[PDB]
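Read the structure below first, then the notes.
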There are 4 protein chains.
Amino acid sequence: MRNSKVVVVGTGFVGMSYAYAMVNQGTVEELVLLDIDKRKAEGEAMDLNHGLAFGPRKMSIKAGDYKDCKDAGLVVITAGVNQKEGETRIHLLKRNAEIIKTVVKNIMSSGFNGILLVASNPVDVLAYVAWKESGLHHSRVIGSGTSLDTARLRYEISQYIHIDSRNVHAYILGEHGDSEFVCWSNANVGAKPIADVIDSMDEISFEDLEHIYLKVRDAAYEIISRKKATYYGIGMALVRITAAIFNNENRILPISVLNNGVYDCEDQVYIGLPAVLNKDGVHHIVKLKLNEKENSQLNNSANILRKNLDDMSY
Amino acid sequence: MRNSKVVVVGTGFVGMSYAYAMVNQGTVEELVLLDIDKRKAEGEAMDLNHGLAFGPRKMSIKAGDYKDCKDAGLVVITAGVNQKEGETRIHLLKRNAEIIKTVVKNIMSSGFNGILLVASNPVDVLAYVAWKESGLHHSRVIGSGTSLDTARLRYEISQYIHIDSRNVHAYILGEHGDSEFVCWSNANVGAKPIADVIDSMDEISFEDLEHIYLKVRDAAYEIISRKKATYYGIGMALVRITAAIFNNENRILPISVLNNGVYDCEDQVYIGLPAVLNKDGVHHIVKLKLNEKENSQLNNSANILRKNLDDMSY
Amino acid sequence: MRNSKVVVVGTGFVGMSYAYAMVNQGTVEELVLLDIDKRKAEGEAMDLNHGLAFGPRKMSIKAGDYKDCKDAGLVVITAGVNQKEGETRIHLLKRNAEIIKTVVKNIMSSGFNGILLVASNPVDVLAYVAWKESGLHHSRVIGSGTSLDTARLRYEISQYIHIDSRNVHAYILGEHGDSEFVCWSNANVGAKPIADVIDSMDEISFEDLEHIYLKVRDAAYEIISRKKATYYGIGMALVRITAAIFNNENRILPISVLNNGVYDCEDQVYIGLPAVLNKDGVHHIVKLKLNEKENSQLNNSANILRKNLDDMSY
Amino acid sequence: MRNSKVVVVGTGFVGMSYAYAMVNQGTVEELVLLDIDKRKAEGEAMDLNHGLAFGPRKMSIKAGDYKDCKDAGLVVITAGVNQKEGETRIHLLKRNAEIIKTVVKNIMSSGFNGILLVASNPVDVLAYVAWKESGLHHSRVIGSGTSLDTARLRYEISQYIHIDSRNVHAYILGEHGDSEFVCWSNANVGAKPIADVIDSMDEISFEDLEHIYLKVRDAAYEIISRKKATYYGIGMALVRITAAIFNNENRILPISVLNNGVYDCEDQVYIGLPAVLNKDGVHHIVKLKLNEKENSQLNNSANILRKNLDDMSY
Ligand SMILES: [Cl-]
Ligand SMILES: [Cl-]
Ligand SMILES: [Cl-]
Ligand SMILES: [Cl-]
Ligand SMILES: [Cl-]
Ligand SMILES: [Cl-]
Ligand SMILES: [Cl-]
Ligand SMILES: [Cl-]
Ligand code: NA
Ligand code: NA
Ligand code: NA
Ligand code: NA
């Protein structure tokens, strides 16, 4: 048995770029848009529906309510708030946790028993929050984690070596935020280790690697400073996560998942790690052999998230 | 010989929804984004590029300048301005005509010799302006016209009769604006005339038709009033027009084209009519047998646009 | 709830062209191949599986047994036999009916409760046979009927008027065989009636229509005489029927369906008529207004099939 | 500038499975089929054309002659002969070399200046022959090499570890034939080296690797013995090679290429190696660090092909 219904909670540019990308890719049959501003969600459903006669797939799209979650295979949460003038980061963190809690309680009230995908920032902490408040098994609750950071990394590398970015197999791990890091010890192009690529190609050197990490680190800021917000990138990352689940792919993607003893960092954190996705959610987390530097960086990143969660009394 | 490069002029939500939809559909290989705010166009190119590692097609995407138009197969113009406090409609009409003129002169300076597609509103008058200022043959300059209105119509009909909207073959003709009208005399579902569908199906009646026309008429307003602007719909319409040209389809779509004696309304207006699109642009305009009411409505619509153009001293 | 499993019974070139086309289009997730020659089905599954690492969709493909039908959403039957030296047409007709009966009993034994799609020839009579032997409701048993004849017709017309064949909306109706006929009274290009197209375009005349009918009539023979058998065409027709069902499209396609009083020809025959397909099978048969000639031709075609069925004591 | 025309020479099941797969994937716009049996090629073009009204892309498909190669971007050669009763392997090798020579001379006579892709067996020797007889630069002449063997390898590995085969990044190198070998030293799943996968997963062990190599070695025989010939697998491999070129991907695929000093085996052989493909053909061969065993195996494989070529007085 298979499901083909996704509910999107929050119709800001992240949720709607995701929805539009799904419409253009024909990812699923049925889409339901939820927003605290019901009129806005209705307008967004009109605007999506009006392009369908030109789209690749027959779809059913509507604005709905939490009761529409009941038989949804996936709910994607993008809701949250922005820092107010004078507001501390812990205060805001707590306001976003309360929003996620409320969304998740409303989703669970419907009878929903599918998978939760959190894209709201800070995504690692909010995925943990959603996991705890949902009562669901952690293999059924994920966050988008470093999937977009990873796509950025592949893009940047591809510009040095002029190889299809889809042939670049390297991950950003850890917190989706300032403490993320590149796993260079397990990076290849095609089947070829990155260290060998560096030795072979004049196009890419050791110095470029640190530059690329910085570019990946600064990418969100850079986009926000130029066009107010970033959303096309995450929209396609969320589509890809969705497709791995509905197409039952057993695809390896870096996403926010509960470590739970897989890596030797903090067990009780959601954090960006490569994981196998299929129709049932997370099949398992892939355990990479990290070098000493990367393991240290993963520990640092996990400690940071665990402190955040402690401070939110989670 | 084939081209696979599109330039988008103006990176507001219409131009960028179009670009993102192309990225998700893999419509063409190469995309160049132009905007008077160069930093903004650069941010938009970053945000699109970051989703490519998850996209269906290898692409080259960058922010560029008018010189990048030189070997573009298609330039899509979305630039323009909004009414200022106190501004007359003729004043604003003239300010938009001057913007189009300037864009088009800059495009032609590059050596460009491809096709122009105008999506800026009011699209029928601005397509005529672009045609005149470009010096190009009118088969190489088009506007998006009533292609989106037509998709809306198909969507609305599909909701009554519960048939795939892509099986609904009916057009909105005329001005993309208040004087557009439904061509009911040439409308079918599958191969079946709409009048026969009405007789057969309890699901749809003569009264529903006038309602559907009103819904189509009010659709933009409705969306704008709920989410500030409409853009997902036109984005997919522009993709479809683009695909008909780059895939050399000889596809019939209702778009803004120079009447030029095909219908018996004003010859010297661009107006929404069904037309055959292929790699060379407009192969010919399809001439439908209109009934007396529709012919009158087309004349009214053409007269309105011709008066607009006169008033702009075109 | 949605299904994504198809079983193919008979792995000759029709069944396997269908399967390969599905693999290349990514139509469904799961495919099971059945053949009385188990080793052959296993070889075909190997050969399909080996292309998947290059395919657009993750799939599960295997050779199986009738018990694999139990949770299949669709079983496509292509099994049957060829005329032996000296064999009468009624004898062979009866040998094919017994094969279909046996296949269908074996399918039903599994607990299967999905949709049956018969492609074996003569498809209209064998669809009726499959319907009767299955015990299923007639909306859940169909044949491929004149869907391919219809694609041929659209192709031929497109070559005269140089319009995308997918914009040509015209049907072949009746028996998939010598008594099929073109429904010219309900034929259009885009939204434009074919009679108007003829008047407008020097490219197509009344004389061409009879020629086109003859071409469509002779197409199978022509292909068989040049490459031994026809199978790429039907393979893509079967994919399209499958996609209408699994994508729940409410798509109108001409297929073999039980008339049952919809048209005024024989009620108890399966015959090629336009029908609405969705995830539940046939939603309804579309009733076209036929002209006097076409109605007569449909009656002739139905009488022929009814005589065939009588002669088989169905 | 971009091309979108492919010519297929030889319409047996390899050439036609390739063509049909392209039609179902919409790989290119224009297809021309050539065969010494012109009637057969015409029948194959009919059978393909008849499915287009149901296909994803508008296409132009016809049977043609060598003059149609003139503006083709790619010619795919599948022509050749089978061993006769009593015939030595060197005799037959020479008969196939003469066929390739004749095809290639006829292609070059047209004015063709695109890329040659040889799929005829033995593909490595015949790619060299085509290269020499064509007068073209070796970056513009390739063979399908071990691309299919590689897809088989990925499929087999995926069945042990239950990961999307498209996440399995490992190559078969060398002769497409008995002396091919797995490059285990440069094999990963996602970004994770295969040795680490073996250590982590109970699902796959060192012993399985030798078994998998044997399965890959025996795959063609196995399929041939069950269904007479193998062709669906190579058909999709050829599509993938084609797509890398027409979509200008800079994609890494293992194909037959002229070693020419890249690896330290024989310089003057075509042999299966990973290579970067884009619109211009082979950008460069990727040089992997091979371990001692693999380097020896590559040398053995190259020596075998060089002896074959010597024996054919190439
Ligand atoms: Cl569903
Ligand atoms: Cl939001
Ligand atoms: Cl291009
Ligand atoms: Cl703008
Ligand atoms: Cl399923
Ligand atoms: Cl069979
Ligand atoms: Cl071309
Ligand atoms: Cl051949
Ligand atoms: Na280097
Ligand atoms: Na009615
Ligand atoms: Na005519
Ligand atoms: Na193991």
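Given the C-alpha centroids of the range A:220-238 and the range C:121-169, what is the distance between them in whole angstrom?
Centre-to-centre (Cα) distance: 48 Å.
Could you give the length gained on full extension between C:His211 and C:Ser60, defined as 0.36 nm per residue of separation minus the Cα-Cα distance, in nm?
Difference between extended and current length: 49.9 nm.
Mind checking which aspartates and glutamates have their Cα closer than 20 Å to the Cα of D:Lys70? Skip sequence neighbours fewer than 8 apart in that chain.
Once the sequence-local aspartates and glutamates are set aside, what remains near D:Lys70 is D:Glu29, D:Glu30, D:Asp35, D:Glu42, D:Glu133, D:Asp280.
Between the label point of B:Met312 and that of the same position in each other copy, find the distances and list them shortest first in nm, with every label point placed 7 Å from Cα along the Cα-to-C-beta direction.
Those separations, rounded to one decimal, come out as 5.2, 6.5, 6.6 nm.
Give the order of C:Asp199, C:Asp124 when sorted by the count of other beta carbons within 10 angstrom, beginning with the fewest.
C:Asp199, C:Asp124
To the nearest 20 Debye, how big is the dipole of chain B about its Cα centre, given +1 on the beta carbon of each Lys and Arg and -1 on that of each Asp and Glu?
So the magnitude is around 1180 debye.
Once you compute Rg and the Kirkwood Rh from C-alpha atoms, what is the Rg to Rh ratio for the range D:1-145?
Rg/Rh for the range D:1-145 comes to 0.98.
Quick one: angle between helix C:89-109 and the longest Cα principal axis of chain C, in degrees between 0 and 90, rounded to 10, please.
Its long axis makes an angle of about 50 degrees.
Sorted from fewest to most neighbouring beta carbons within 10 Å, what does the list B:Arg140, A:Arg89, A:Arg240, A:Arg154 look like?
A:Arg89, B:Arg140, A:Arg240, A:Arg154
Assume the label is 7 Å from Cα along Cα to beta carbon: what separations in nm does B:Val262 have to the matching positions in the other copies?
List, nearest first: 3.5, 5.1, 5.7 nm.
What Rg and what Dmax come out for the protein assembly as shown when only alpha-carbon atoms are used, in angstroms?
Reported Rg and Dmax, both Å: 30.5, 96.
Can you list, shortest first and in nm, the gaps between the label point of A:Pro56 and those of its counterparts in the other copies, using a point 7 Å from Cα in the C-beta direction?
When each copy's label point is compared with this one, the spacings are 0.1, 0.5, 0.5 nm.
I want to check the label-to-label distance for C:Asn300 and C:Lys94. Put each point 7 Å from Cα in the C-beta direction and report it in nm to one decimal.
It is 2.9 nm.
Among chain C residues, which Cβ is nearest the axis of the C-onto-A rotation, and at how many Å?
C:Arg2, 2
Rounded to the nearest 10 degrees, what's the angle between the helix C:232-246 long axis and the longest principal axis of chain C, both from Cα atoms, 0 to 90?
Between helix and principal axis, roughly 80 degrees.
Given chain D, what percent of its DSSP beta bridges are antiparallel, to the nearest 5?
Counting only bridges with both partners in chain D, antiparallel ones make up about 50 percent.
Starting from the Cα of D:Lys227, draw a straight line to each of the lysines and keep only those under 19 Å, dropping any in the same chain fewer than 8 residues away.
Result set, ordered by chain and number: C:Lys38, C:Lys40, C:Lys62, C:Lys227, C:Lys228, D:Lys215.
I'd like the Kirkwood hydrodynamic radius of the range A:146-314, using the inverse of the mean 1/r over distinct C-alpha pairs, in Å.
Computed over Cα pairs of the range A:146-314, the Kirkwood hydrodynamic radius comes out at 16.7 Å.
Under the rule of -39500 (n - 2.57) per DSSP H run of 4 or more residues, summed and divided by the residues of chain D, what mean residue ellipticity at 222 nm is obtained, to the nearest 500 deg cm²/dmol?
Here the helix-only value at 222 nm equals -14500 deg cm²/dmol.
Using only the Cα atoms of chain C, what do you get for the radius of gyration and for Dmax, in Å?
19.2, 58
Order these peptides, B:61-72, D:35-46, B:208-219, A:47-58, by their mean beta-carbon neighbour count within 10 angstrom, highest first.
In decreasing order of mean packing, B:61-72, D:35-46, B:208-219, A:47-58 become A:47-58, D:35-46, B:61-72, B:208-219.
For peptide C:37-48, how many partner chain Cβ atoms fall within 10 Å of a residue's Cβ, on average?
5
Need one value for D:2-8: mean number of C-beta atoms belonging to other chains within 10 Å of its residues' C-beta atoms.
Other-chain Cβ atoms within 10 Å of each residue's Cβ, averaged: 3.
Using bins 10 angstrom wide from zero, how does P(r) for the range D:145-199 break down, in % of all Cα pairs?
Over the range D:145-199, the share of Cα pairs per 10 Å bin runs 26, 55, 18, 0 percent.
State the percent of C-alpha pairs, over all pairs in the range C:97-226, separated by a distance greater than 21 angstrom.
Of the Cα pairs, 50 percent sit more than 21 Å apart.
Looking only at other chains, what is the average number of their beta-carbon atoms within 10 angstrom of each beta-carbon in D:70-78?
Per residue, the average neighbour count from other chains is 0.
FYI the Cβ positions are ideal-geometry reconstructions off the backbone, even for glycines, and counts take in every protein chain you see. The numbers here are math on the coordinates, done by the rules we state, and not lab data.
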